[PDB]
């Protein structure tokens, strides 16, 4: 249930942003849906695996995924945040995405790993970041891991 809700949220997000990623936006209907499902599920699971790896918490942001945005902070006179530059918003060291890539090759058989890294994997990375941003997912996973 909680897992189903999380994956549904990630798939809706992926549907909203899929047009931005050339490897995904050009796909056929059924293949696109299957790919978004794979990416959402692997993003959820791989975020959990990052969070469960001892010592994986980002050393720059200490797991928040955020840093102070200097320019915006001085412009507004209030703290304005940006993605942590080291973990790019995940808060943890990243798991290799090779299994996710292989799962996608089942649906896009001519997808090479470099084309994946440049045209599809960025959507998966965005979904992992979204796991960290969405409080429901991030908190459920934190409580489960600890």
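Residue numbers count along the first chain shown, from 1.
Averaged over CA atoms, B-factors in the entry run higher in 65 to 73 than in the other of 40 to 48 and 65 to 73. Between 107 to 115 and 86 to 94, the higher mean Cα B-factor belongs to 107 to 115.
The PDB entry assigns residue 18 a C-alpha temperature factor belonging to the middle third of its chain's modelled residues. When the modelled residues of the chain are ordered by C-alpha B-factor, residue 99 sits in the lowest third.
Per-chain ranking of the deposited C-alpha B factor places residue 25 in the highest third. Placement of the Cα temperature factor of residue 128 within the chain: lowest third of the modelled residues, per the deposited record. In this PDB entry, residue 79 carries a Cα temperature factor that places it within the highest third of its chain's modelled residues.
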